[PDB]
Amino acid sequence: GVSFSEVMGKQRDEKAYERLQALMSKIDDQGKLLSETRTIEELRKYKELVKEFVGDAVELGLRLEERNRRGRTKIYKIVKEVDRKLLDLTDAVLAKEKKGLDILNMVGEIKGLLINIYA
């Protein structure tokens, strides 16, 4: 006896999740590329993807809260830690010596924070 707008909402959440999964695939590939190349050009592309994910994941996260709950506080705290990490990554890429495995770790941390944004 399920209502239409209930189903529509669930499908909306599902598609948004799927878009996030597709973006995370790109993010994984670019984070790997950046770990290998270690150029500001690859950093630029990485952070433009990550920044796009954050936007879409917060939007999904806040809607899912209104279906149960972790809190806006938590979601925002994760976003703030992502920002912190991104700036620390920029630094590590800009610094003179530059190790691919440490860079890999840094992006794997970010991804760990990223997937926790929405739920």
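Residue numbers here begin at 1 and follow the sequence given.
- The segment from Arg67 to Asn68 is interrupted, since 1 to 3 residues of the deposited sequence in that interval carry no coordinates.
- Averaged over their C-alpha atoms, the temperature factors of 93 to 101 and 16 to 24 are higher for 93 to 101.
- Averaged over Cα atoms, the B-factor as recorded in the entry is higher for 57 to 65 than for the other of 83 to 91 and 57 to 65.
- Remark: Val7 belongs to the highest third of its chain, ranked by C-alpha B-factor as recorded.
- Among all modelled residues in its chain, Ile115 ranks in the middle third by Cα B-factor.
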